[PDB]
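Asker: Can you keep this structure in mind? I'll have questions shortly.
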Amino acid sequence: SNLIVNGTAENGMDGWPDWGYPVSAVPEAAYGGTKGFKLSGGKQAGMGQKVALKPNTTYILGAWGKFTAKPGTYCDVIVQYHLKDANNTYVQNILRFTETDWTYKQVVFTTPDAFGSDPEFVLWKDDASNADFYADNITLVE
Ligand SMILES: [Ca+2]
């Protein structure tokens with residue numbers, strides 16, 4: 001059971017709030033199925049959704065990703081939340097992609113005993129070079 005809605009782009013951009021960035025669900029970006037997510041070159045771009053994480057629970061976050069040509073910087077896949085501690089610590093669980101062939105990355109993390117902010121998944125492309133980024137099969141599972 002994937003906590004991310006439509007992590008495969010098989011339902012287009014459905015389940016993903018429009019943040020106004022150049023993110024499309026298109027055949028050229030597919031790792032599998034009929035579509036993948038394409039984050040346009042030339043601009044920073046991201047999308048995300050709130051994720052219903054449980055406390056003291058272990059999760060695996062994974063995704064396939066590639067740039068179409070060598071980028072200036074990177075694109076991150078992140079699950080993030082604040083702790084409910086005195087310092088109000090911000091936790092980012094991050095996969096950082098810079099590669100130009102399809103590359104699978106994953107991170108295993110265990111959630112704290114309480115959240116200080118609503119957990120979110122975020123895909124964020126810092127890079128604004130000419131290369132497009134393709135993301136597909138984005139997965140967050142207990
Ligand atoms: Ca797909």
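Chain labels follow the order of the structure tokens: the first chain is A, the next B, and so on; residue numbering restarts at 1 in every chain, and ligands are counted from 1 in their shown order.
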According to DSSP computed on the backbone, where in region 40-90 of chain A is there strand (DSSP E)? Give the residues as a list in words.

Answerer: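 Listing strand (DSSP E) positions across region 40-90 of chain A yields residues 45, 46, 47, 48, 49, 50, 58, 59, 60, 61, 62, 63, 64, 65, 66, 67, 75, 76, 77, 78, 79, 80, 81, 82 and 90 of chain A.
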
Asker: Name all residues at most 8 Å from residue 71 (chain A) (count only C-alpha atoms; drop same-chain ones fewer than 2 positions away) and give them as a PyMOL selection string.

Answerer: chain A and resi 67+69+73-74+98+127+129-131

Asker: Write out as a PyMOL selection string which residues come within 6 Å of region 48-56 of chain A when counting only C-alpha atoms, dropping same-chain ones fewer than 6 positions away.

Answerer: chain A and resi 111-114+119-122

Asker: Enumerate, in order of chain and increasing residue number, the residues of chain A with an atom no farther than 8 Å from ligand 1, each with its shortest atom pair and distance in Å to one decimal, counting only C-alpha atoms and all ligand atoms, as CSV.

Answerer:
residue,atom,partner,partner_atom_place_in_ligand_line,distance
A:7,CA,ligand 1,1 (Ca),7.7
A:8,CA,ligand 1,1 (Ca),4.1
A:9,CA,ligand 1,1 (Ca),5.0
A:10,CA,ligand 1,1 (Ca),5.6
A:29,CA,ligand 1,1 (Ca),7.8
A:30,CA,ligand 1,1 (Ca),4.9
A:31,CA,ligand 1,1 (Ca),5.7
A:32,CA,ligand 1,1 (Ca),4.4
A:33,CA,ligand 1,1 (Ca),4.4
A:34,CA,ligand 1,1 (Ca),5.6
A:35,CA,ligand 1,1 (Ca),4.5
A:36,CA,ligand 1,1 (Ca),4.5
A:37,CA,ligand 1,1 (Ca),7.7
A:136,CA,ligand 1,1 (Ca),5.2
A:137,CA,ligand 1,1 (Ca),6.0

Asker: Once you have the residues from the selection above, write them out as a PDB file, in the first residue's frame, restricted to C-alpha atoms.

Answerer:
ATOM      1  CA  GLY A   7       3.188   7.797  -7.844  1.00  0.00           C
ATOM      2  CA  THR A   8       3.280   6.157 -11.299  1.00  0.00           C
ATOM      3  CA  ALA A   9       1.705   9.033 -13.322  1.00  0.00           C
ATOM      4  CA  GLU A  10      -0.760   6.467 -14.630  1.00  0.00           C
ATOM      5  CA  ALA A  29       8.971  10.546 -19.123  1.00  0.00           C
ATOM      6  CA  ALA A  30       7.798   6.966 -18.443  1.00  0.00           C
ATOM      7  CA  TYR A  31      10.041   4.462 -16.758  1.00  0.00           C
ATOM      8  CA  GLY A  32       7.024   2.079 -16.812  1.00  0.00           C
ATOM      9  CA  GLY A  33       3.300   2.134 -17.614  1.00  0.00           C
ATOM     10  CA  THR A  34       2.114   4.844 -19.973  1.00  0.00           C
ATOM     11  CA  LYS A  35       3.477   8.052 -18.452  1.00  0.00           C
ATOM     12  CA  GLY A  36       6.057   9.531 -16.093  1.00  0.00           C
ATOM     13  CA  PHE A  37       6.468  12.914 -14.503  1.00  0.00           C
ATOM     14  CA  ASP A 136       8.354   7.622 -12.031  1.00  0.00           C
ATOM     15  CA  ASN A 137       7.329   4.789  -9.698  1.00  0.00           C
TER      16      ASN A 137
END

Asker: Excluding residue 59 (chain A) and any residue of its chain fewer than 2 positions from it, enumerate the residues within 7 Å of it, using only C-alpha atoms, and give them as an mmCIF file with C-alpha atoms, in the first residue's frame.

Answerer:
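Saved to selection.cif:
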data_model
loop_
_atom_site.group_PDB
_atom_site.id
_atom_site.type_symbol
_atom_site.label_atom_id
_atom_site.label_comp_id
_atom_site.auth_asym_id
_atom_site.auth_seq_id
_atom_site.Cartn_x
_atom_site.Cartn_y
_atom_site.Cartn_z
ATOM 1 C CA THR A 57 6.799 3.421 12.178
ATOM 2 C CA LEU A 61 10.873 5.952 0.182
ATOM 3 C CA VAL A 108 14.622 3.746 4.997
ATOM 4 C CA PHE A 109 13.603 5.883 7.971
ATOM 5 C CA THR A 110 11.667 5.535 11.191
ATOM 6 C CA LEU A 140 6.413 5.328 0.181
ATOM 7 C CA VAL A 141 5.505 2.133 2.030
ATOM 8 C CA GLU A 142 5.484 1.007 5.681
#

Asker: Using only C-alpha atoms, which of the listed residues (A:72, A:80, A:100, A:134) sits closest to residue 23 (chain A)?

Answerer: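 Among A:72, A:80, A:100, A:134, it is A:134 that comes nearest to residue 23 (chain A).
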
Asker: So that I can see what lies close to residue 132 (chain A), please list as a list in words the residues with an atom at most 9 Å from it, counting only C-alpha atoms and leaving out residues fewer than 6 positions away in the same chain.

Answerer: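 Here the qualifying residues turn out to be residues 38, 39, 40, 41, 42, 66, 67, 68, 69 and 71 of chain A.
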
Asker: Using only C-alpha atoms, which residue out of A:60, A:135, A:84, A:91 lies closest to residue 1 (chain A)?

Answerer: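 Looking only at the distances to residue 1 (chain A), the closest residue turns out to be A:60.
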
Asker: Considering only C-alpha atoms, can you say which of A:92, A:123, A:24, A:133 comes closest to residue 70 (chain A)?

Answerer: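 The answer is A:133, which sits nearest to residue 70 (chain A).
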
Asker: Using only C-alpha atoms, which of A:64, A:116, A:75, A:44 sits nearest residue 87 (chain A)?

Answerer: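 Answer, going by the shortest atom-to-atom distance: A:116.
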
Asker: Would you compute the distance between CA of residue 105 (chain A) and CA of residue 20 (chain A)? Give it in Å to one decimal.

Answerer: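 Spanning CA of residue 105 (chain A) to CA of residue 20 (chain A) is a straight-line distance of 26.5 Å.
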
Asker: Report, in Å to a single decimal, how far apart CA of residue 47 (chain A) and CA of residue 4 (chain A) are.

Answerer: 11.9 Å

Asker: Would you please work out which residue, of A:45, A:117, A:104, A:76, is nearest to residue 88 (chain A) when using only C-alpha atoms?

Answerer: A:117

Asker: Do you have the CA of residue 26 (chain A)-CA of residue 125 (chain A) distance handy?

Answerer: 17.4 Å

Asker: Counting only C-alpha atoms, which of A:102, A:97, A:124, A:90 gets nearest to residue 78 (chain A)?

Answerer: A:124
